[PDB]
Every structure is written in C-alpha cells, then in structure tokens.
DNA sequence: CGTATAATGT
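Residue numbers (this note's numbering), protein chains in the order written: chain A, 686 to 734; chain B, 6 to 304; chain C, 1256 to 1304; chain D, 245 to 293; chain E, 74 to 122; chain F, 51 to 99.
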C-alpha cells in the first residue's frame, strides 16, 4: 500500500540503466513533419516509451 | 577548455602538402589499394611477396592518414563560412571531415588537378547535407530545406529592390511558387519556441507550466468505446448475418479497406447498383425496433 | 564520465585516483595521453638488452 | 555600418551605389524591439486622466 | 546532440577515420554528455536562439 | 611499444579504475593516517574518507 | 549526385 520505511540513493551501474530501459533510442528524429506522429525508433518512438 | 582551440592546434601540427607531395601520396595510396585488391585474388599466394604486399598495404594506409591530416585545413576553411546557422562550428567541421574522407575515397590523380579543387565540392556537399538534416529539431526533408533557402534568398533580394517587405503574391511572382505553397513553406521555416522561456515574467513561470493537458480521459474513453462498439456489433448481429458481413466489408470493421459498391458486388457476385438498395434496407432496419432504443444516443 | 563527479569542489574522481583537476581534465578531453598499466616485471627482466 | 563596411570591403568598387550599401533591416529591427520589449516602454495606464 | 554525435561516431569508427578524427569526435560526445547532465557547469553554457 | 600501454580518454580512466584495487589503497591510507605529516595527513584523510 | 582552373588553422 503506502509502506516506504526508508529510501536509498546509489550510483547506477551501466547494467542497471539497461534494466530500467524498455528499449534503445537510435535516431535523432522527433516527430514526422506531416502526420505529426512520433517516428520509428526515434526520440519519441511509440514502441519504446 | 576551448575544444575548438585544441583541435585547431592538432590540425596545425601537420604541415601543408605540395603538388609533388600530393601526386606522390596519391600514387602510394593507389598502389596500396591495388595491393589490398590483389590480396583476395592471389589464389596461388606467394610467400615473400605476401609480406611485401602487406607492407605496401600498411604504407598505403599510412599515406591515406597523412593526406587526410594535411587536408583537414581545407575543411575548416570551408566550414567556417556556415557558422551561426543553427549548427555549432565544431559540429560543422566534423561534418566536413566526413565529406573529406568521402571525397578522398573517390579521388583520382590521373587528371592532374589539385586535390583541393575536387575536394571543395564534396566538402561543400557534405556540410550542406549535414546542416539540412540536423540543424532543425523537427527534421524536414532536404527538398523543403532547399526550397526554404531559395525563398529566404529571394525575399532578401526583392526587399532590397522594393525597399519594403513584399507580400506572398509578390514573392510568388518573383520565385514562381504558388502562393499557398509559400504560406506553408514559411510556416515550416519557423523555429519552434522553447517551453522553458519565462512568459511575461509571471512569477518566473516557464511557458510550459501554463500548457493545458486537456486530454487523456481514459476512463471516459473506455466506457464509450465499450458501449458503442458492442452496441453496433450486437445490432449488426440482429440484422441479416450476410448483411453484417456486407457492413464489415463495405466498411472494414475488421480489416479496414471499405469496399466500394462495385468492389463489394464483385466479392459477393452482385452488381454495383444493388449495394445502394442494400444500404437503404440496412439503414431502414437500424432505425426501427430495439436497435433504435439502443442507438438513439452516441450522436 | 559523469560531469558531477569530476570538475567539482572537491572532485570525487580526482581524490579516488589522487589526481589534480588539471590532470584529470586533460585525460577526459583527450588533451594528453596517460599510462594505464606498465609491465614492470618484463621491463626489469629485459632491461639489460 | 558594420554590414556596410563588410559590403564595402567585399562588394565591387566600380558600380557601387549607396542604396546597395546602406541597409535598413538593423535600424528598423532595433527601433521596433525598443518599443515592443524594452522595460522603459510601458502600457500607458489610463485609469483616469 | 548526444544521439546525433554518437551516431556519427558509430559511423565514423566503422569507416576507419584517422586517429585525430575519432579523438575529436569522442571529445564532442563527452562535451555533449557534459552539457546534458549539467549545462553551464563547465565552459560557456550552450545557448538558445 | 612493448610494456607500457597508454590510452587517452574516458575509456582510459575506465580501464584504470577497473584495474585499480581498493583494499590495498585503503590499507596504505590507513597506515599513512597513523603517521604524521600534517599537510599530507589531512590530504590522506580526505582521500581515505 | 558528381559535379575537376584553383580554393588549406575560430
């Protein structure tokens, strides 16, 4: 429910960062200029986020 | 600091190349490429010549590096002129360096022309392509980028001649572009505003704070979607089953692709004129009985 | 390298390596080489040659 | 004058006319900015005379 | 900036550019990550329009 | 180019850290703390921390 | 897409 006895902050090893991620961002495009839809594997990719 | 300065010293480390040096290096690198080509075709591979061929390959690679290092200065001399156009100077230099390697990959010394003349065109090409693809956060097609630059240059020249800013119609006459196309092109030219910019100094509140989500009512969407979709499916089921298939195909409730009157007639073997009457029957049926009671809403 | 840990007052990375900020900065921005490991035993064994 | 100096030192010398030299974009841009954004160009409050 | 510079480095390292080119590119990548995690911490902060 | 392997960049620092051990460094710092050398004593104190 | 007189350190 809402039991959070303590709260820890620690350095994030590279392995941890991959675990959090749901994918990889591989292109610098942001959104298409006509459909105004997030582009594939881009910074707004619908597959990843 | 000053990452530009450290790179500038690095490129200045290598001295310039003369015409005699350029041709000598060009011959050496060509031999190295030819030697590397010979590696994969010498089926009866020699023993000592194999080591000699490998040594020449290293020599050719060394010549390639030395030629590139010397020629980096041309790239900087060409990249300097494009600064201040939404791309960092050092980023432009790296894009030009990509152009340099690309040009060197296709360089030929048999024509007797200096490497600078042939490289300049490629360096130019690479830098301008880079700028077009990267300089804008919302990547526009290269075609649009070229058209925008054309309009901007024309607008500057026309304004200088007129002495006053020109309208879309006047620009269209000068540039031979449709007026609506110019309006759309101008809108594309806009560089998006930043949300972090404080607005009206309203308690140092960024513009993004005032943006209204005003969307994403998931609870409302789910109930409406469930009710309407289920109601129509059940109502279509109560109708003739073949007509239910007709609605699915005529429309695409399952697979999209709304079948036209002739097309659906072809699939069912009927004529193009029968579909209108079929739809007339469906609409008439849907407006009577319990179907109306269920579907009176949703309008 | 994460910006926080170097270029700090103190620079946590510097103390861990016992390196002054000048040395650490030069290594990061490729302004100067640095030696990672040297095979001391091999150097001693073949020093005469 | 910075623009005109650059143009003067680079443009042709035989058929140079002041119209092609003098530019009006910076001046008009400057004056417009002053009346549109300067902290000393305030909406005249007209609650009463 | 980070994604674009990293992608260029991936392409550039595959191409086989000389040492100075790759070294400069990695310097750009490190600078971009520096700006991302903290802008203005070191050097002149990257500025907007 | 036989014994010493000197790399340049954050990759060099990464390899230095992974090769670098902490048990021996900690023990040496503690031993130095037991001794005097005030100015170097506090430098070792901060490092040991 | 290769544009060939030549063009080499913010």
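Even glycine gets a Cβ: it sits at the ideal position worked out from N, Cα and C.
Using a Cβ-Cβ cut-off of 7 Å (strictly less than) and excluding sequence neighbours within five positions of residue i, which residues of its own chain qualify?
i             : result
residue 44/B  : 58
residue 187/B : 156, 173, 176, 177
residue 37/B  : 61, 62, 64, 65, 66, 68
residue 720/A : none
residue 285/D : 278, 279
Taking all protein chains shown into account, decide if residue i is buried (16 or more other Cβ within 10 angstroms of its Cβ) or exposed.
i              : result
residue 102/B  : buried
residue 97/E   : buried
residue 103/E  : buried
residue 80/F   : exposed
residue 714/A  : buried
residue 98/B   : buried
residue 1295/C : exposed
residue 59/F   : buried
residue 53/F   : exposed
residue 701/A  : exposed
residue 294/B  : exposed
residue 87/B   : buried
residue 252/D  : exposed
residue 1293/C : exposed
residue 100/E  : buried
residue 1/B    : The shown model of chain B, from 6 to 304, leaves out residue 1/B, and the question about it has no answer.
residue 152/B  : buried
residue 269/D  : exposed
residue 1258/C : buried
residue 112/B  : buried
What are the boundary residues of the alpha helix (DSSP H) that includes residue i?
i              : result
residue 270/D  : 269-281
residue 29/B   : 24-44
residue 21/B   : Counting along the chain, residue 21/B falls outside any alpha helix (DSSP H), and DSSP gives it neither H nor E.
residue 82/B   : 53-84
residue 1269/C : 1267-1272
residue 226/B  : 223-243
residue 252/B  : 246-256
residue 152/B  : 147-167
residue 189/B  : 184-194
residue 705/A  : 699-705
residue 214/B  : 212-215
residue 265/D  : 262-265
residue 99/E   : 92-110
residue 198/B  : Where residue 198/B is concerned, there is no enclosing alpha helix (DSSP H), given that its DSSP letter is neither H nor E.
residue 282/B  : 279-291
residue 260/B  : Taken as a continuous stretch (DSSP letters only), residue 260/B belongs to no alpha helix (DSSP H), as it is neither H nor E.
residue 252/D  : 246-254
residue 91/F   : 88-98
residue 1276/C : 1276-1283
residue 74/F   : 73-84
residue 300/B  : 295-300
CB residue i to CB residue j, shorter than 8 Å?
i              : j              : result
residue 9/B    : residue 95/B   : yes
residue 56/F   : residue 1289/C : yes
residue 40/F   : residue 94/F   : Any property of residue 40/F remains undetermined from this structure, which presents chain F solely from 51 to 99.
residue 253/B  : residue 245/B  : no
residue 62/F   : residue 1291/C : yes
residue 131/B  : residue 104/B  : yes
residue 266/B  : residue 281/B  : yes
residue 277/B  : residue 264/B  : no
residue 75/E   : residue 86/E   : no
residue 291/B  : residue 240/B  : yes
residue 75/B   : residue 19/B   : yes
residue 1268/C : residue 1261/C : yes
residue 143/B  : residue 733/A  : no
Among the residues of its own chain, which have a CB less than 6 Å from the CB of residue i, if the five just before and after it don't count?
i             : result
residue 140/B : 91, 92
residue 34/B  : 65, 68, 69
residue 72/B  : 30
residue 135/B : 100
residue 116/E : none
residue 77/E  : none
Name, in chain order, the residues that DSSP records as bridge partners for residue i.
i              : result
residue 133/B  : Per DSSP, none; premise fails for residue 133/B.
residue 1292/C : 55/F
residue 723/A  : 716/A
residue 93/B   : In DSSP, residue 93/B forms no bridge with anything.
residue 203/B  : 211/B
Can you name, in chain order, every residue of its own chain whose Cβ lies under 8 Å from the Cβ of residue i, other than the five neighbours on each side?
i             : result
residue 79/B  : 105, 121, 124, 125, 128
residue 211/B : 200, 201, 202, 203, 204
residue 163/B : 171, 175, 176, 179
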